[PDB]
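Colleague: Take this structure first; my questions come after.
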Amino acid sequence: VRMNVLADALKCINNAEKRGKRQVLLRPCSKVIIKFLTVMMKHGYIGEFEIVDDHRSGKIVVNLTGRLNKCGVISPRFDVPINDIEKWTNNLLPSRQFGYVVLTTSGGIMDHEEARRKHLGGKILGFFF
Amino acid sequence: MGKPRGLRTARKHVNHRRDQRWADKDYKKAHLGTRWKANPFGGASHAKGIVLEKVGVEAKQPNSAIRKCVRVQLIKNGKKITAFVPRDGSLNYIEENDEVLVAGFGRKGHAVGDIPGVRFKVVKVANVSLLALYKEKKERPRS
Amino acid sequence: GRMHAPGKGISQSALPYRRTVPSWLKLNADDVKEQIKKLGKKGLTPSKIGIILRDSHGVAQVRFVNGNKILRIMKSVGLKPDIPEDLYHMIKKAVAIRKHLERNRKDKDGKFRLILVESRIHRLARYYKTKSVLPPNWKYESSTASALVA
RNA sequence: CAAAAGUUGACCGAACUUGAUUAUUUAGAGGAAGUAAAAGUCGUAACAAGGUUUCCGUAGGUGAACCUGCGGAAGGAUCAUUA
RNA sequence: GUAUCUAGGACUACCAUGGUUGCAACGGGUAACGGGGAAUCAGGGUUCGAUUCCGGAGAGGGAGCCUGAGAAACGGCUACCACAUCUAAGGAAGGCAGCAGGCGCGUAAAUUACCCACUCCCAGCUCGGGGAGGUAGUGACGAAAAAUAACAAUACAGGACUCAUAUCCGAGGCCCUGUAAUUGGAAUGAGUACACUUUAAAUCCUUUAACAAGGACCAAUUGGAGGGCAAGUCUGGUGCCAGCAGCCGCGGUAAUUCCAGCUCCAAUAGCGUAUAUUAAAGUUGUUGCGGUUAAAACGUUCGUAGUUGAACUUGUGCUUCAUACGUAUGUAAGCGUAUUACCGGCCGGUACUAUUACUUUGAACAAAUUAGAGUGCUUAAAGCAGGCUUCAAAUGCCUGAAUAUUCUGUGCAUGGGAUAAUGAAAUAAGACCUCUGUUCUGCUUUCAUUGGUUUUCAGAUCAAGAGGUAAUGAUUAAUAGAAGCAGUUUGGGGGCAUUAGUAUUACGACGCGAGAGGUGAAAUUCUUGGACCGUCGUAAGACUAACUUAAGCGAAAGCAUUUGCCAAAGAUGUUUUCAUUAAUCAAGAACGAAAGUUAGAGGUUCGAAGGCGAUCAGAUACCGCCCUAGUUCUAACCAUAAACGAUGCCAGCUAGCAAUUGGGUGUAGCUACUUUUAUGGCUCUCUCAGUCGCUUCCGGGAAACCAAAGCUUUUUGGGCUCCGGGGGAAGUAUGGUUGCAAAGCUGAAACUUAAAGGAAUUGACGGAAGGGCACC
């Protein structure tokens, strides 16, 4: 069915921005997705997200600036022992300056930049550039 | 597309990897130890053999040449090899029943170019080398 | 899904947003509760109670009027059938079509589908053993199944 | 009281013999393949509808190719027209 | 219990029936000791390790034993088996996988040298012994540093600058770079060689007299020059010969590939080549491949392991303070059933508290290695030296031989509470707490001592009742699935009974006659007159033309006459139920066209084989005739096909139009009718889910194409399987398995070979198709 729900929504976002389309209907929106999406907001990559209360599993409408080339999702969530943070950022990020790798860390779903400041590594959720 | 990309799928990759590496041609040769079993060198870099016969090997088309190979029996295995005599004139240097060094043609087996079934080179006759003898820098030890 | 067939076709219950309503409904939770007991004593399954009561009454949703779903209500008053109704119906169909196959052997489509009907019982029952609503190592076998329906 | 050669019963047990077993190697009348083939002999099989469209599974027969029969597919020669 | 230094099935009696396994056990193989490590890299990895250390093991293969703290010892013993030795013939004595040496094996690896001086060990020892180690000799595995010449000038050469003259063109001439075997003195010892230094004593280095430079001396190479690949379309010889070429290719008489020469290039104290490995190789894909056609979806599905898995569940904030720039809040403190409670003066303990995987920080990480700090080992490999006031006087001053990571993972300790699971308690012996002195377990102080009695204390726990406390214990129902279903409805889905139609074939009757079948034309074959044919009926078996499709169903194979029954599936619809049940799958199973096969029925038709007529060299075939097994059906096999839509399945998303299958919402639309309706079908409108098309991609692709073959990333994207990793050999061999058998599955290699495949393009060519044009 939808084993990882995360990727299904973020693919929808990519496909949408490939039309240029500012809006997407996301299904079936997780907590991990909400935390993924709040992380986007901070760096301005997407405009406002809104989670509708169906008594089912929650859908989201995305408003999109179009600043985003592409958003990818890591499953399996590979265990980062802090010094693979450096390797993972190099491979899939277009620049050393910019583009956030997204983790599920002990203290929250946080970007690798934020994770480095806290010194808390993790399991890898995602990539956003 | 395919791969078991789940968090604890962890055995399955190794199992499947070994199932896929089964087909890997270089790993088949290594694991099954084919060098020692089938290949006339036992993965041994050189072999000294005794010259049986000189062979006038007719070339594959579009080349009509008599390309001058030598039948060699290795000392370790008694295995019959046909090896080419590279650089000039050379069968005149080979002489039947001489001790000859058999080396390969750098081709992971596979028969030369247009030369039928000659997987091998000759590098030496009577411990001097062919190579020295053509240039003339050295002269053949008696018998 | 549709695990038996290729069929994508989903048709499911659209639940009205208002979790407490309906406002017009004069009838108490006791009143609806009482009818659930009476119809259940008449041998109506919780599905059959849930549909009949909506039309005859107004019972919009049994859950909304009285906080407990039909099966929960029946259980508290002890009307609960020994095996949950969804299994009872599946088990009824498997026995019925097995009895058909003894009569009309060589129905190659029927036997194939006979496997599907047992296969789903075992899987669905497997879940209920986890709930402990079915005693652990409860097994579907055909001999006992025939008796079970009746 | 000590005490040698010898020696009793035990347990470890090398070693040997014979059956069984396994791995690994290698002889061989002859049969039956494939390959290098490169000047040959016999056919034209397929490649154009290859003059019998092709080609699959399977059986039998033809010197062989292949043909044929039964069910197929199009990788056809119909992407079709045709109340 | 015994043994032993010790736990111990180590061993033995008795007594139980256990232990291990798709998380790959048991077995077999391994150029398989392990690790520290090495190689190769963008990283990730892949490969290596026999060897310089650490641990263990063994000492021809094996077994047994004494001594001694310690050996199941071999440069101890005893034995056997295998090897080897001497002998006065009775016997005895041995372990180079120790150092040298020899033989043999092989591709492959050194001296029958010297020494305890260094390093250190052992011994009774200041002292002896030491092939432990050091020393020399051998040593292009490998690494490290470069002697082999340099400058004016002369002979002519170039390029500026000048005088010029300014295509041309000459003269002066410079920092130079040179092509010259012309010159000229200089430089510095590699080598050589007193001496000194070195050393245990020698050696070489580091020192240094005496010596050594016109290369013919102090005298450099190894492959290549068509392309890859850097450099001859050179000259002689050869002429598809010899031979060359890792590959493509050269060589058939300008050979730019050969063999030389000459010229030159590339790397030069090294270079060639072989083998193994790694990069390239994305050709192994964890990172990070491909699967419509290129090598690639298992026939299809169920389905267990495996694997995976939706949403919801201490958490947001508000205020203020501090702190970057009126803000910002990120940092700090407050406030709302787990920061509550003491003691000692917020601090620090104590009392503390869901399991994990993960992750965080700590310790714990052998040195060498690896990275690298400090440092002129004269450079350097790296050594771990040495530098300083000071070469005075002098132990005076002294920095040192760090730090990290590889020794992974793990384990230990600690933090977090995200992610993914788990947790009470809805059949409430549910959670606290509290009342029964109710219950059971259960006691050292003090009754001077010590003992007996019984109270308090209940030392300290438990369990059972009753009451009060509680938000008092049931989460949504993934535009997920299961299931039922008000039901509506679909379909050539399946099984069984049944039914219809004509024909094909045969037969009779009737009826009229000498031809008929068949083709390219023919003949066989049919007829002696009644075939063939007509007509009529009937027998037999088979099958549903047209209607019938880019149309349906079924998991797929497959499924087209009628009608009845039985049960199934799917779409739609459902404010029903369940409340993650699910998704996909090794194994295993279900179904599985046809041929082939077993036994009957059945055999009309077609019709493998056979035998026939033409054709044709052949026909054995196409073609024509007769027709067997077979087609059909039934009870069994088989498990395979282009089982094909060459395209796995499940979910979401990404484009217009019109068809098309089915359901539903509106039809104040047409028609059917009852006085009109109500009903039904179709269009019209709207919408799901189906199968496709068209044209465009708004992506992919090599293109053809593909709305999937898109989202396949910029070496990534949901989940999961299966398959391919050059072409052939080969779907063969071999063994196992299944099968009655035929076969089928699983499925190599030897060896062969530089292409192979797919695509599109243009030509050529057709006994493939349409137009034209000319009295060859």
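We label chains A, B, ... in the order they appear in the structure tokens, count residues from 1 in each chain, and number ligands from 1 in the order shown.
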Determine, for each residue of chain A having at least one atom at most 9 Å from an atom of chain C, the closest pair of atoms and their separation in Å to one decimal, counting only C-alpha atoms; order by chain and ascending number, as a Markdown table.

Modeller:
```
| residue | atom | partner | partner_atom | distance |
| --- | --- | --- | --- | --- |
| A:1 | CA | C:1 | CA | 7.5 |
| A:54 | CA | C:17 | CA | 8.3 |
| A:55 | CA | C:17 | CA | 8.0 |
```

Colleague: Can I get the residues of chain B within 10 Å of chain D, each with the closest pair of atoms and their distance in Å to one decimal, using only C-alpha atoms (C1' of nucleotides), sorted chain first then ascending number, as JSON lines?

Modeller:
```
{"residue": "B:58", "atom": "CA", "partner": "D:38", "partner_atom": "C1'", "distance": 7.8}
{"residue": "B:59", "atom": "CA", "partner": "D:38", "partner_atom": "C1'", "distance": 7.7}
{"residue": "B:60", "atom": "CA", "partner": "D:38", "partner_atom": "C1'", "distance": 6.4}
{"residue": "B:61", "atom": "CA", "partner": "D:38", "partner_atom": "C1'", "distance": 6.7}
{"residue": "B:62", "atom": "CA", "partner": "D:38", "partner_atom": "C1'", "distance": 9.4}
{"residue": "B:63", "atom": "CA", "partner": "D:38", "partner_atom": "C1'", "distance": 9.6}
{"residue": "B:64", "atom": "CA", "partner": "D:38", "partner_atom": "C1'", "distance": 8.6}
{"residue": "B:116", "atom": "CA", "partner": "D:36", "partner_atom": "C1'", "distance": 6.7}
{"residue": "B:117", "atom": "CA", "partner": "D:36", "partner_atom": "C1'", "distance": 7.7}
```

Colleague: Excluding residue A:88 and any residue of its chain fewer than 4 positions from it, enumerate the residues within 10 Å of it, using only C-alpha atoms (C1' of nucleotides), and give them as a list in words.

Modeller: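 Listing them by chain and then by number gives residues 80, 83, 84, 92, 93, 101, 112, 124 and 127 of chain A; 287 of chain E.
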
Colleague: Mind listing as JSON, numbers by chain which residues of chain E are within 10 Å of chain B, counting only C-alpha atoms (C1' of nucleotides)?

Modeller: {"E": [23, 29, 30, 31, 105, 106, 107, 108, 240, 241, 242, 243, 244, 245, 246, 247, 248, 249, 250, 251, 258, 259, 272, 273, 274, 275, 276, 283, 284, 285, 286, 306, 307, 308, 309, 357, 420, 712, 717, 718, 719, 720, 721, 722, 724, 725, 749, 750, 751, 752, 753, 754]}

Colleague: Against chain E, which residues of chain A fall within 7 Å? For each one I want the closest pair of atoms and the distance in Å (one decimal), counting only C-alpha atoms (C1' of nucleotides), rows by chain and increasing residue number, as a tab-separated table.

Modeller:
```
residue	atom	partner	partner_atom	distance
A:1	CA	E:651	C1'	4.7
A:2	CA	E:651	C1'	5.5
A:3	CA	E:309	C1'	4.9
A:4	CA	E:718	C1'	5.2
A:5	CA	E:718	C1'	6.7
A:7	CA	E:718	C1'	5.9
A:8	CA	E:652	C1'	5.9
A:11	CA	E:711	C1'	6.8
A:12	CA	E:653	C1'	5.0
A:15	CA	E:654	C1'	5.8
A:19	CA	E:698	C1'	6.6
A:28	CA	E:478	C1'	6.1
A:30	CA	E:311	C1'	6.4
A:55	CA	E:476	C1'	5.9
A:56	CA	E:476	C1'	5.9
A:57	CA	E:311	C1'	3.9
A:58	CA	E:311	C1'	6.7
A:72	CA	E:717	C1'	6.5
A:73	CA	E:717	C1'	5.9
A:74	CA	E:717	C1'	6.5
A:104	CA	E:418	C1'	6.0
A:105	CA	E:418	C1'	5.7
A:106	CA	E:418	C1'	5.0
A:107	CA	E:418	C1'	5.6
A:108	CA	E:418	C1'	4.3
A:109	CA	E:418	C1'	6.1
A:120	CA	E:360	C1'	6.1
A:121	CA	E:359	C1'	6.3
A:122	CA	E:359	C1'	5.4
```

Colleague: Return the neighbours of chain E among the residues of chain C, cut-off 8 Å, counting only C-alpha atoms (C1' of nucleotides), as a VMD selection string.

Modeller: chain C and resid 1 to 2 4 to 16 46 to 48 50 to 51 60 to 61 68 72 86 to 87 89 to 90 97 100 104 to 110 112 to 113 115 to 116 120 123 to 124 127

Colleague: Take the residues from that selection and write them out as a PDB file, in the first residue's frame, keeping C-alpha atoms.

Modeller:
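So the final result, stored in part-v5.pdb, reads:
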```pdb
ATOM      1  CA  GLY C   1      -5.569  -3.877  -3.213  1.00  0.00           C
ATOM      2  CA  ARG C   2      -8.472  -6.247  -3.589  1.00  0.00           C
ATOM      3  CA  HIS C   4      -8.062 -11.878  -4.515  1.00  0.00           C
ATOM      4  CA  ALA C   5      -8.474 -10.010  -7.841  1.00  0.00           C
ATOM      5  CA  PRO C   6      -6.592  -7.056  -9.562  1.00  0.00           C
ATOM      6  CA  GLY C   7      -9.507  -4.676  -8.570  1.00  0.00           C
ATOM      7  CA  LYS C   8      -8.475  -1.100  -7.620  1.00  0.00           C
ATOM      8  CA  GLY C   9     -12.203  -0.204  -6.857  1.00  0.00           C
ATOM      9  CA  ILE C  10     -12.621   1.503  -3.443  1.00  0.00           C
ATOM     10  CA  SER C  11     -16.126   2.484  -2.291  1.00  0.00           C
ATOM     11  CA  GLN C  12     -16.196   3.424   1.450  1.00  0.00           C
ATOM     12  CA  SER C  13     -18.338   5.281   4.091  1.00  0.00           C
ATOM     13  CA  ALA C  14     -18.282   9.089   4.050  1.00  0.00           C
ATOM     14  CA  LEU C  15     -18.731   9.980   7.797  1.00  0.00           C
ATOM     15  CA  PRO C  16     -20.565  13.341   8.532  1.00  0.00           C
ATOM     16  CA  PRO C  46     -24.677  -5.951  14.849  1.00  0.00           C
ATOM     17  CA  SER C  47     -24.510  -5.031  11.163  1.00  0.00           C
ATOM     18  CA  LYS C  48     -28.186  -5.790  10.676  1.00  0.00           C
ATOM     19  CA  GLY C  50     -26.927  -0.845  12.724  1.00  0.00           C
ATOM     20  CA  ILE C  51     -28.707  -0.490   9.372  1.00  0.00           C
ATOM     21  CA  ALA C  60     -27.849   8.399  12.424  1.00  0.00           C
ATOM     22  CA  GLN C  61     -24.903   6.530  13.856  1.00  0.00           C
ATOM     23  CA  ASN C  68     -20.622   2.780  22.257  1.00  0.00           C
ATOM     24  CA  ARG C  72     -19.675  -3.021  22.408  1.00  0.00           C
ATOM     25  CA  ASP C  86     -17.408 -11.078  10.106  1.00  0.00           C
ATOM     26  CA  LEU C  87     -15.768 -14.569  10.568  1.00  0.00           C
ATOM     27  CA  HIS C  89     -20.290 -14.955   7.545  1.00  0.00           C
ATOM     28  CA  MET C  90     -16.932 -15.967   5.872  1.00  0.00           C
ATOM     29  CA  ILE C  97     -19.358 -23.559  -1.358  1.00  0.00           C
ATOM     30  CA  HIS C 100     -21.524 -27.301  -3.448  1.00  0.00           C
ATOM     31  CA  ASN C 104     -20.680 -30.633  -8.292  1.00  0.00           C
ATOM     32  CA  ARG C 105     -17.002 -31.807  -8.463  1.00  0.00           C
ATOM     33  CA  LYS C 106     -14.929 -30.576 -11.430  1.00  0.00           C
ATOM     34  CA  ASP C 107     -15.833 -26.881 -10.879  1.00  0.00           C
ATOM     35  CA  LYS C 108     -12.208 -25.787 -11.268  1.00  0.00           C
ATOM     36  CA  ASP C 109     -13.101 -22.103 -10.719  1.00  0.00           C
ATOM     37  CA  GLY C 110     -15.090 -23.008  -7.589  1.00  0.00           C
ATOM     38  CA  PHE C 112      -9.719 -22.191  -6.690  1.00  0.00           C
ATOM     39  CA  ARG C 113     -12.092 -19.716  -5.063  1.00  0.00           C
ATOM     40  CA  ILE C 115      -8.992 -21.754  -1.402  1.00  0.00           C
ATOM     41  CA  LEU C 116      -9.412 -18.008  -1.419  1.00  0.00           C
ATOM     42  CA  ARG C 120      -8.928 -15.166   4.106  1.00  0.00           C
ATOM     43  CA  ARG C 123      -5.521 -14.603   7.912  1.00  0.00           C
ATOM     44  CA  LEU C 124      -8.464 -12.693   9.430  1.00  0.00           C
ATOM     45  CA  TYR C 127      -5.403 -11.124  13.729  1.00  0.00           C
TER      46      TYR C 127
END
```

Colleague: Which residues are close to residue E:181, i.e. within 10 Å by only C-alpha atoms (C1' of nucleotides), leaving aside same-chain residues fewer than 3 positions away? Reply as a ChimeraX atom specification.

Modeller: /E:214-216

Colleague: Can I get the selection written as a PDB file, in the first residue's frame, with N, CA, C and O atoms (P, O5', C5', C4', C3', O3' and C1' of nucleotides)?

Modeller:
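Writing done, so here's again35.pdb:
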```
ATOM      1  P     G E 214      89.612  13.959 -22.564  1.00  0.00           P
ATOM      2  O5'   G E 214      88.529  13.355 -23.515  1.00  0.00           O
ATOM      3  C5'   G E 214      88.696  13.429 -24.958  1.00  0.00           C
ATOM      4  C4'   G E 214      87.721  14.366 -25.634  1.00  0.00           C
ATOM      5  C3'   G E 214      88.165  14.799 -27.043  1.00  0.00           C
ATOM      6  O3'   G E 214      87.023  15.114 -27.807  1.00  0.00           O
ATOM      7  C1'   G E 214      88.132  16.645 -25.750  1.00  0.00           C
ATOM      8  P     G E 215      86.669  14.227 -29.051  1.00  0.00           P
ATOM      9  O5'   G E 215      86.440  12.766 -28.418  1.00  0.00           O
ATOM     10  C5'   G E 215      85.075  12.287 -28.300  1.00  0.00           C
ATOM     11  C4'   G E 215      85.004  11.263 -27.186  1.00  0.00           C
ATOM     12  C3'   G E 215      83.661  10.523 -27.115  1.00  0.00           C
ATOM     13  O3'   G E 215      83.671   9.456 -28.083  1.00  0.00           O
ATOM     14  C1'   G E 215      84.223  11.320 -25.014  1.00  0.00           C
ATOM     15  P     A E 216      82.414   8.493 -28.162  1.00  0.00           P
ATOM     16  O5'   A E 216      82.975   7.103 -27.578  1.00  0.00           O
ATOM     17  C5'   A E 216      83.510   6.102 -28.486  1.00  0.00           C
ATOM     18  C4'   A E 216      85.014   6.143 -28.643  1.00  0.00           C
ATOM     19  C3'   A E 216      85.955   6.735 -27.537  1.00  0.00           C
ATOM     20  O3'   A E 216      86.458   5.679 -26.670  1.00  0.00           O
ATOM     21  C1'   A E 216      86.689   7.284 -29.750  1.00  0.00           C
TER      22        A E 216
END
```

Colleague: Per DSSP on the backbone, what are the helix (DSSP H, G or I) residues of stretch 9-46 of chain C, as a list in words?

Modeller: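 Matching residues for helix (DSSP H, G or I) in stretch 9-46 of chain C are residues 29, 30, 31, 32, 33, 34, 35, 36, 37, 38, 39, 40, 41 and 46 of chain C.
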
Colleague: With a cut-off of 7 Å and counting only C-alpha atoms, select all residues of chain A in contact with chain B and give the selection as a list in words.

Modeller: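 The contacting residues on chain A are residues 75, 76 and 77 of chain A.
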
Colleague: What is the distance, in Å and to one decimal place, between atom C1' of residue E:49 and atom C1' of residue E:367?

Modeller: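 Computing the Euclidean distance for atom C1' of residue E:49 and atom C1' of residue E:367 yields 18.9 Å.
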
Colleague: Would you list, as a ChimeraX atom specification, the residues of chain A that end up in strand (DSSP E or B) under DSSP run on this structure's backbone?

Modeller: /A:23-26,49-52,59-63,71-73,79-80,100-105,108-111,122-128

Colleague: Keeping only N, CA and C atoms, take the residues you just selected and write them out as a compact mmCIF listing (two decimals), in the first residue's frame.

Modeller:
```
# COMPACT_ATOMS: atom_id res chain seq x y z
N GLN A 23 0.05 24.22 -6.15
CA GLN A 23 -0.66 23.49 -5.15
C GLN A 23 -0.73 22.05 -5.52
N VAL A 24 -0.84 21.24 -4.44
CA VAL A 24 -0.73 19.80 -4.43
C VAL A 24 -1.68 19.35 -3.37
N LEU A 25 -2.24 18.13 -3.54
CA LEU A 25 -3.05 17.41 -2.53
C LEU A 25 -2.15 16.24 -2.15
N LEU A 26 -1.82 16.12 -0.83
CA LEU A 26 -0.92 15.19 -0.27
C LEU A 26 -1.75 14.19 0.50
N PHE A 49 1.57 25.52 4.38
CA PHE A 49 1.05 24.14 4.29
C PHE A 49 -0.09 24.13 5.20
N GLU A 50 -1.14 23.32 4.90
CA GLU A 50 -2.33 23.32 5.70
C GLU A 50 -2.86 21.94 5.66
N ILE A 51 -3.11 21.37 6.85
CA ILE A 51 -3.42 19.98 7.15
C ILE A 51 -4.86 20.01 7.49
N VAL A 52 -5.71 19.36 6.68
CA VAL A 52 -7.13 19.30 6.92
C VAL A 52 -7.44 18.04 7.72
N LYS A 59 -4.99 15.01 5.04
CA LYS A 59 -4.52 15.39 3.76
C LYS A 59 -3.89 16.74 3.95
N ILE A 60 -3.04 17.26 3.03
CA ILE A 60 -2.37 18.55 3.16
C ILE A 60 -2.50 19.22 1.81
N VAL A 61 -2.74 20.52 1.81
CA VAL A 61 -2.58 21.35 0.63
C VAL A 61 -1.36 22.21 0.86
N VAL A 62 -0.52 22.18 -0.18
CA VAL A 62 0.80 22.79 -0.21
C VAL A 62 0.64 24.03 -1.08
N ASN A 63 1.22 25.17 -0.67
CA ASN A 63 1.33 26.35 -1.50
C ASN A 63 2.80 26.49 -1.86
N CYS A 71 13.12 17.55 -4.25
CA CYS A 71 13.04 17.03 -2.88
C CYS A 71 12.96 15.52 -2.83
N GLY A 72 13.95 14.80 -2.25
CA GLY A 72 14.02 13.36 -2.26
C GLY A 72 13.94 12.85 -0.85
N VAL A 73 13.52 11.57 -0.69
CA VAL A 73 13.26 11.00 0.62
C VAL A 73 14.10 9.71 0.76
N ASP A 79 21.66 4.88 9.45
CA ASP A 79 22.35 5.28 10.65
C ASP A 79 23.64 5.99 10.40
N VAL A 80 23.59 7.27 10.78
CA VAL A 80 24.65 8.24 10.61
C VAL A 80 25.37 8.33 11.92
N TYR A 100 19.81 21.42 2.30
CA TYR A 100 19.81 20.84 3.63
C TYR A 100 19.53 19.40 3.45
N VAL A 101 20.25 18.55 4.21
CA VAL A 101 19.94 17.15 4.37
C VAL A 101 19.12 17.09 5.62
N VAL A 102 18.10 16.23 5.69
CA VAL A 102 17.10 16.19 6.72
C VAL A 102 17.28 14.83 7.37
N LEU A 103 17.25 14.79 8.72
CA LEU A 103 17.47 13.63 9.55
C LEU A 103 16.25 13.55 10.41
N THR A 104 16.11 12.34 11.01
CA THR A 104 15.35 12.08 12.23
C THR A 104 16.45 11.88 13.25
N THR A 105 16.54 12.87 14.17
CA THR A 105 17.58 12.94 15.15
C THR A 105 16.86 12.70 16.42
N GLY A 108 14.63 15.67 17.54
CA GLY A 108 13.59 16.15 16.61
C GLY A 108 13.93 15.81 15.19
N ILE A 109 13.03 16.14 14.23
CA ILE A 109 13.33 16.08 12.83
C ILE A 109 13.90 17.43 12.51
N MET A 110 15.21 17.40 12.20
CA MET A 110 16.07 18.56 12.04
C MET A 110 16.94 18.37 10.85
N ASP A 111 17.36 19.51 10.28
CA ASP A 111 18.36 19.59 9.23
C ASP A 111 19.73 19.26 9.77
N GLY A 122 21.95 10.82 13.70
CA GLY A 122 20.63 10.29 13.54
C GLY A 122 20.51 9.19 12.50
N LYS A 123 19.28 9.14 11.95
CA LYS A 123 18.83 8.29 10.89
C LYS A 123 18.36 9.33 9.85
N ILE A 124 18.55 9.02 8.54
CA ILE A 124 18.36 10.06 7.52
C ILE A 124 16.96 9.97 6.97
N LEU A 125 16.19 11.06 7.02
CA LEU A 125 14.89 11.12 6.39
C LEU A 125 14.93 11.50 4.96
N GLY A 126 15.79 12.51 4.63
CA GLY A 126 15.52 13.22 3.43
C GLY A 126 16.61 14.13 2.97
N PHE A 127 16.35 14.78 1.81
CA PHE A 127 17.22 15.70 1.10
C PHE A 127 16.27 16.74 0.52
N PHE A 128 16.58 18.05 0.65
CA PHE A 128 15.88 19.14 0.05
C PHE A 128 16.91 20.09 -0.52
```

Colleague: Measure the distance from atom CA of residue B:97 to atom CA of residue B:137 in Å and round it to one decimal.

Modeller: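 Taking atom CA of residue B:97 and atom CA of residue B:137, their separation equals 23.8 Å.
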
Colleague: For stretch 38-44 of chain C, find every residue with an atom within 12 Å (counting only C-alpha atoms (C1' of nucleotides)), except residues of its own chain fewer than 4 positions away, and show them as a ChimeraX atom specification.

Modeller: /C:31-34,48-53,70-71,73-75,77-81,85

Colleague: Rounded to one decimal, what separation in Å do you get between atom CA of residue B:98 and atom CA of residue B:118?

Modeller: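 Result for atom CA of residue B:98 versus atom CA of residue B:118: 19.5 Å, one decimal.
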
Colleague: So which residues touch residue D:63 within 12 Å, counting only C-alpha atoms (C1' of nucleotides), skipping near sequence neighbours fewer than 4 positions away, as JSON, numbers by chain?

Modeller: {"D": [42, 43], "E": [618, 620]}
